[PDB]
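# Inside the fold
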Amino acid sequence: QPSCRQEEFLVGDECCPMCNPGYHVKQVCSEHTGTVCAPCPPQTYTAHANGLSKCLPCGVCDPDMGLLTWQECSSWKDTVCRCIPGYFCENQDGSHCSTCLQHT
């Protein structure tokens, strides 16, 4: 419930500057010290300014769900999946193209 500016995150009694997309918090700020950020390791990403200690694991494209991987995740963006021909997906979620719908 304490409030922080835009692009800060709350840790104990401190509002800390956020890390940029592609980075995670390596060290939280302190009384005398600003945030330390590190780039996402392989197979992880962050797509937004953030206060996460770790980057998020990259998604996998489930071929049982009718998906193929169309583009590999990068450190600032998750794996892009697509449906097989004859399906459509709705990109409405944080999981984006993840369900292969078909007309009846």
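Residues numbered from 1 in each chain as written, not as in the entry; some residues may be left out. Heavy atoms only, no water.

- Method information in the entry identifies X-ray crystallography as the source of the structure, with 2.1000 Å recorded as the resolution.

- If you check the PDB entry, the protein appears there as Tumor necrosis factor receptor superfamily member 14 from Mus musculus.
- The title given to this entry in the Protein Data Bank is "The crystal structure of mouse HVEM".

### Some details on the overall build of the protein
- In terms of helices and strands, the protein carries zero helices and eight strands.
- Each helix and strand of the protein, placed in order from N terminus to C terminus, yields the pattern β-β-β-β-β-β-β-β.
- With respect to the principal axes defined by its C-alpha atoms, the protein has extents near 60 × 30 × 15 Å.
- Counting only residues that meet the buried cut, the protein has 27% of its 104 residues in that class. (Helix = DSSP H or I, 4+ residues; strand = E, 2+ residues; numbered from the N terminus. Buried < 20%, exposed > 50% of the residue type's maximum accessible area, 1.4 Å probe, protein only.)

### Focus: the nonpolar core
- Counting residues in hydrophobic clusters, the biggest one holds six residues: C61, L67, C81, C83, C97 and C100.
- The residues contacting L67, other than those within four sequence positions of it, are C61, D62, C81, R82, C83, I84, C97, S98 and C100.
- The next biggest cluster of nonpolar side chains, apart from the first, holds five residues, and it includes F9, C16, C19 and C29. (Core = buried A, V, L, I, M, F, W, Y, C linked by side-chain atoms within 4.5 Å. Contact = heavy atoms within 4.5 Å.)

### Regarding the side chain of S98
- You can see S98 is positioned in the segment after strand 8 (80-83).
- A distance of 3.1 Å separates polar atoms of two side chains, one belonging to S98 and the other to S95. (Polar contact = N/O pair within 3.5 Å; in protein donor to acceptor, adjacent residues only side chain to side chain.)

### A word on the state of the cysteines
- Applying the stated criterion to the full structure yields eight disulfides.
- Here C16 connects covalently by a disulfide to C29, the sulfurs 2.1 Å from one another. Negative torsions about the S-S bond denote left-handed disulfides, and the value of about -75° found for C16 with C29 makes this one left-handed. One end of the pair, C16, is in strand 2 (residues 14-17); the other, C29, is in the loop between strand 3 (23-27) and strand 4 (36-39), with 13 residues separating them in the sequence. Side by side, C16 and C29 carry an identical accessibility label, which is buried.
- In this model, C40 is linked to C55 through a disulfide, with the two sulfur atoms separated by 2.1 Å. On the S-S bond that ties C40 to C55, the torsion sits near -85°, and the link is left-handed. (Disulfide = S-S within 2.5 Å.)

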